[PDB]
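# Structural characterization, general
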Amino acid sequence: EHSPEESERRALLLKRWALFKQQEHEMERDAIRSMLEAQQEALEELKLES
Amino acid sequence: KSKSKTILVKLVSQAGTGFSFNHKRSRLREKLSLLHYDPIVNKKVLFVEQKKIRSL
Amino acid sequence: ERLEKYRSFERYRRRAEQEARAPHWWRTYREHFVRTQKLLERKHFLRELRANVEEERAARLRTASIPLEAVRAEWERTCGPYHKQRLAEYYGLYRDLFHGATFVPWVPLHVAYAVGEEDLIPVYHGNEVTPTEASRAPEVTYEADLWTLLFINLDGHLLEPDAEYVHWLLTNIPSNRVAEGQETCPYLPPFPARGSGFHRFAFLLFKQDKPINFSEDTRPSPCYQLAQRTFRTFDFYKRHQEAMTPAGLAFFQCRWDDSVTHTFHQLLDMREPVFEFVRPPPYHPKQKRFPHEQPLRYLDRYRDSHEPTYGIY
Amino acid sequence: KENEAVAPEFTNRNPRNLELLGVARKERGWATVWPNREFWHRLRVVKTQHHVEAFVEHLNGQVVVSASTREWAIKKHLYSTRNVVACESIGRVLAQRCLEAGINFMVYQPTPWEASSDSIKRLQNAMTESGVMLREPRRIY
Amino acid sequence: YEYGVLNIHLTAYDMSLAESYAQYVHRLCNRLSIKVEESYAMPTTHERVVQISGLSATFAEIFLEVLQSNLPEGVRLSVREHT
RNA sequence: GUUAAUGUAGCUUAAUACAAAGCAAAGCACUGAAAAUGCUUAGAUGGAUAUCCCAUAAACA
RNA sequence: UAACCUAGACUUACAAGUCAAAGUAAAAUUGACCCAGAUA
């Protein structure tokens, strides 16, 4: 059975683990929007051309 | 008419006052023992089923 | 389909409550029945709290505690008066005292009724204090540097509904010390009538720009007459509105008590008034000669005396 | 004696006069809507994600006592927003204000999941130990 | 015109294995700002569907890269345009 | 320089008051998946007036 | 045991039985009456 200190350590790494995943998702989440918007912007450019 | 699920029985006071009331119970269950208000003693007492009146 | 659909009941409930609050064209229930430097300093302190590892761990144990006393004192200074104003408005002090005029309190007034010497019961807003605890005048303390402090029984009047009685009025109070105030009205113990419900008594503090002799408001000491204790705050404040601006509030609710019996008889020298809450008589339709399809109880509803009568017999 | 003169009918103007006695009217309808409105006072806790705010409001719709985590006094001594500890303190602060306000009886209407929550059960524990009653007494007819 | 909704039938020899990818792929799909109207399960091996609505040429390239990386073990991908 | 954009945090014509708000979004726990629920996370007025403003970046240049 | 009472209504030969604001009080596949029984 885990000791409170052992549970204390495991809980702590979850906190930083949560932060690490959050930052990656936010950067990756927004990167997708720019790419989709970028493609739409290019579509507008071709529409202006022809 | 053919269908028959419940039955009507007499619940008689266990206090000896002779007060009785009718209740409906399923035919396939055991005899009812219920705590009901008895006006003669003016307090709740145990009632035990005695006889079946009819098929409901 | 374009709009998203609520994934939980809470999102619907919160939106529904906001929608209900906003007015609508259709009839609704409500209509029918109803500086910069400081901010930088605050952030710096917050950052220090963030850094503290003990506080961080103190929260993971989900048992960390806060000192209520420190919070209470700071709360009064910053945003407490806004809460204080709400209490007076809900209790009806502004409408009953100033005929609807509203004043934001600014002075953190503090009053407490001393019980013996070991401890003193405080008098907060809306607090409950028994008449026995209010047998003697309370201790008043407030941070300031003249002043006038007034005592009222808003709903304790026995003859005129609008009028009210003063318990004691001190005038020309210099700075914080109150012993130098002129005792225009001697202290009287609370006298809420029996069966009359909960009486609200409010303490008022008014800023005094210049010393003014309130000879009209002076009352003989001791005075046991209710006919001379009667007054109105509105006209009294109107006469002195030039030099009086209210800044302090404190009120409590008290019931009848055995001490109230002593107050009515010993010094007020009158029989104690006794009142009872009388509900309106039950509504019954006009009696019919032939109560068709009605029980025998119909006659009993319209009878007054429960004893038999014999008329000529 | 001039003192003996007393009007036959008393006229008490205190809004809480009947409510404190227990004879004041409570709304008994709204059976088809949730929550029930048969309360003289209500405890409203809005967790609004981050911050936690608690209000006390009369049937007339005027808030009486409010405790919020944004308030400068609490936040400086309060580490973090909505959490188990969020109501561990503001609820206690609200209770002291409730005791300060003299409101000993109040009605709380949590939802099933909210009632099962951790920042609400502890809030109820903080209120009950402080002497604030989360269930109001029945009206007298 | 815009890309239609494309369904991915997670077919695996075990329903738990397809479930494991369904849990992760859908987790990444929401991370991909994707809407999953339905998650249908095919009849007995066990195959599971993860509806995906809203695609693009650039979105597909970033999305398919994520889908390949998310592949935990021995799961067979599939891309079919909805009727 | 002419046209034109862009300047509270993904979104908002939330707000300037007694808040720098709400929502979206994120992790873990909870085992069909998803979602919910509980416990947790990260943030802004680059700036004004009730159009200038400089910065930035385009077609003209 | 699933109440009593009581505005206003339903059902109904009569009678009884229903719904129901208020009040009060316990608690927290038949359907009545007449008419016959049982007994007290």
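A brief structural summary. (Residues numbered from 1 in each chain as written, not as in the entry; some residues may be left out. Chains lettered and ligands numbered in written order. Part of a larger assembly, values for the part shown. Heavy atoms only, no water.)

### A look at the sheet that holds strand β2 (residues 46-52) of chain E
Residue and element names in this part refer to chain E.
- Here we have three strands laid out as an open sheet, ordered β2-β1-β3, and antiparallel in their pairing. Across the chains shown, the open sheet's two edge strands, defined by having one partner strand only, are β2 and β3 (80-81).
- Across seven bridges, strand β1 (residues 6-12) lies against β2 in antiparallel orientation. By the bridge assignment, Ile8 is partnered in β2 with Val50. (Pairing = 2+ DSSP bridges. Helix = DSSP H or I, 4+ residues; strand = E, 2+ residues; numbered from the N terminus.)

### Looking at the interface of chain D and chain C
- Counting residues at the interface gives 67 residues for chain D and 73 residues for chain C.
- A combined buried area of about 6200 Å² lies between chain D and chain C, and 52% of that area is made up of carbon and sulfur atoms.
- Where chain D packs against chain C, one counts eight salt bridges.
- Between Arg13 of chain C and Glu114 of chain D there is a salt bridge; the shortest N-O distance is 3.4 Å.
- Inspection of the region where chain D meets chain C yields 36 residue pairs in polar contact.
- A total of eleven residues in the side of chain D that touches chain C trace back to one element, the largest contributor, which is helix α3 (residues 84-101) of chain D.
- Split into classes, the residues belonging to the side of chain D that touches chain C amount to 28 nonpolar, 19 polar and 20 charged. (Contact = heavy atoms within 4.5 Å. Buried area = accessible area lost by both parts, 1.4 Å probe. Salt bridge = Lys/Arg side-chain N within 4 Å of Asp/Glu carboxyl O. Polar contact = N/O pair within 3.5 Å; in protein donor to acceptor, adjacent residues only side chain to side chain. Nonpolar A, V, L, I, M, F, W, Y, C, P; charged D, E, K, R; others polar.)

### Section: the protein's contact with RNA strand F
- Not every one of the 37 residues close to RNA strand F is listed here, only the nearest: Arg29 of chain A, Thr48, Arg70 and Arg82 of chain D together with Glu19 of chain E.
- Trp17 of chain A is positioned with one of its side-chain polar atoms (N or O) 3.3 Å from a phosphate oxygen of RNA strand F.
- Within the side chain of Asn30 of chain E, a nitrogen or oxygen atom sits 3.1 Å from a phosphate oxygen of RNA strand F.
- If you list the elements that add at least two residues to the surface near RNA strand F, you get α1 (4-49) of chain A, α1 (9-21) of chain C, α5 (118-129) of chain D together with α1 (15-31) of chain E.
- Looking at which element gives the most residues to the surface near RNA strand F, the answer is α1 of chain A, with nine residues.
- For the surface near RNA strand F, a count of residues per class yields eight nonpolar, 13 polar and 16 charged. (Near = heavy atom within 4 Å.)

### Notes on the pattern of salt bridges
All names here are of chain C.
- Taken as a whole, this structure holds 28 salt bridges over all chains when the rule is applied.
- For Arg72, the salt bridge identified is with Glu76, shortest N-O distance 3.3 Å. Taken as a pair, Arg72 and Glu76 lie in helix α5 (residues 68-78) at a separation of four residues, close to a single helical turn.
- Look at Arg72 and you get buried, because its relative accessible area is 17%.
- Residue classification places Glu76 among the buried residues on the basis of a relative accessible area of 9%. (Buried < 20%, exposed > 50% of the residue type's maximum accessible area, 1.4 Å probe, protein only.)

### Quick notes on the nonpolar core
- Among the nonpolar cores identified, the biggest contains 55 residues, and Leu43 and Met127 of chain D are the most heavily contacted of them.
- With eight residues, α3 of chain D is the largest single contributor of residues to this core.
- Not counting chain neighbours up to four residues away, the residues in contact with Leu43 of chain D comprise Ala54, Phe55, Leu94, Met106, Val107, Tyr108, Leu123, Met127 and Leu134 of chain D.
- In terms of nonpolar packing, the next biggest core, distinct from the first, is built from 23 residues, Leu10, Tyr21, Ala22 and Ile62 of chain E among them. (Core = buried A, V, L, I, M, F, W, Y, C linked by side-chain atoms within 4.5 Å.)

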